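Please treat every number below as a calculation from the coordinates, not as lab data. Don't worry about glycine lacking a Cβ; one is built from the backbone with ideal geometry, like all the others, and counts go over all protein chains shown.
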Amino acid sequence: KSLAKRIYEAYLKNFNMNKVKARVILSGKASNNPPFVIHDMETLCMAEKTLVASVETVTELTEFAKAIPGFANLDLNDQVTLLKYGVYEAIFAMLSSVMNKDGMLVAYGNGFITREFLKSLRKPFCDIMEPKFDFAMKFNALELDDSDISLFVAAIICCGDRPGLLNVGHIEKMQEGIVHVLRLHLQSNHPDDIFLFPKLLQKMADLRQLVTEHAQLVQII
Amino acid sequence: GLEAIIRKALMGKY
């Protein structure tokens, strides 16, 4: 017990952007200063110019991981191993929180690049983000809140089948606790979707495949 | 290659 709370606290504490704040910005409600819309080459050039005048995303997941109960007690090389293979899956998982059917938030919510502008670029740049919009559209259909996402990301990182782990015994017992807590939290937070946990298991495998497809498309640069 | 980035963030509080 008290594991879902401490994992949810580490998530709210270590992640600057969450689904609550993202949906508030995307709503265009409690602010008369909406994010800057990147929807063409000119607006993209405007945004790119101010950026020159992600390590933060990976650092946020690292601090969140070592704040998961038991993760700091692991061997240092296992903590590196668990983070090295699971960071991209967690990034793409939480990336759904800032995405809608028409675009995504960028730069801590200060910008919004439209989905159509991304798929209008020439090959192979228009193929980088569209697979993530496809995952996010079906992942957001599950209607997970930040309490669910915190436990979902924790199960992505703490898995004892990562290549090269040493203390595989403790990592599998730690995953057993996270998964058991995720299963019980899912039916308590989303009771009318009783197969939500099997659905999430398939999404974790989709993320592994989406990350593998991301590395291939990245190397063609 | 990001093992460098994550190992630095692991040793951030010190």
> Using modelled backbone amide H atoms (1.01 Å from N, in-plane), which distant-in-sequence or interchain residues come within less than 5 Å of A:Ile38's amide H?
Replying inline: A:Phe112, A:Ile113, A:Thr114
> How large is ³J(HN,Hα), in whole Hz, for each residue of segment A:38-50 in order, when computed from phi with the Karplus curve 6.51 cos²θ - 1.76 cosθ + 1.60 and θ = phi - 60°, using x for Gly and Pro?
Replying inline: 9, 9, 7, 6, 5, 5, 4, 5, 5, 5, 4, 5, 6
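Based on the Cα atoms of segment A:80-193, what semi-axes does the equivalent ellipsoid have, where each is the square root of 5 times one gyration tensor eigenvalue, given in whole Å with the largest first? Can you show the working numbers first?
Numbers: eigenvalues 180, 77, 22 Å².
Values for segment A:80-193, descending: 30, 20, 11 Å.
Which whole-number percent of Cα pairs in the protein assembly as shown have a distance greater than 25 Å?
Details: 12063 of 27495 pairs.
Taking all Cα-Cα pairs of the protein assembly as shown, the fraction more than 25 Å apart is 44 percent.
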> Once phi is turned into ³J(HN,Hα) by the Karplus curve 6.51 cos²θ - 1.76 cosθ + 1.60 with θ = phi - 60°, what whole-Hz value does each residue of segment A:109-126 show in order, with x for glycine and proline?
Replying inline: x, 7, x, 8, 9, 6, 5, 5, 5, 5, 7, 9, 5, 6, 4, x, 6, 6
>> Under the rule of at least 5 residues apart or a separate chain, name every residue whose amide H is placed under 5 Å from the amide H of A:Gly103.
In response: A:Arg115
>> From the phi angles alone, apply the Karplus equation (6.51, -1.76, 1.60; θ = phi - 60°) to segment A:92-108 and give each ³J(HN,Hα) in whole Hz, x where the residue is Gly or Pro.
In response: 5, 4, 5, 4, 4, 5, 9, 10, 10, 5, 10, x, 8, 7, 10, 6, 6
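Rounded to a whole number of µm²/s, how large is the Stokes-Einstein D of segment A:82-125 at 4 °C and 1.567 mPa s, given Rh as the Kirkwood radius over C-alpha pairs? Could you put the intermediate results ahead of the total?
On the way: Rh = 11.9 Å.
Translational D for this selection: 108 µm²/s.
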> For chain A, what is the calculated [θ] at 222 nm in deg cm²/dmol (nearest 500), taking -39500 (n - 2.57) for each run of four or more DSSP H residues and dividing by its residue count?
Replying inline: -20000 deg cm²/dmol
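Count neighbours as other Cβ atoms within 10 Å of each site's Cβ, and list the trypsin sites (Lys or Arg not before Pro) in segment A:1-51 that are DSSP loop with at most 13 such neighbours.
Values: sites: A:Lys1, A:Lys5, A:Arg6, A:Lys13, A:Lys19, A:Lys21, A:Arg23, A:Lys29, A:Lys49; in loops: A:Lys1, A:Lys29.
Taking segment A:1-51 and a limit of 13 other Cβ atoms within 10 Å, the loop trypsin sites (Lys or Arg not before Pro) found are A:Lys1, A:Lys29.
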> DSSP loop GluC sites (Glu not before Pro) in segment A:69-150 with at most 11 other Cβ atoms within 10 Å of their Cβ, which ones?
Replying inline: A:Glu143
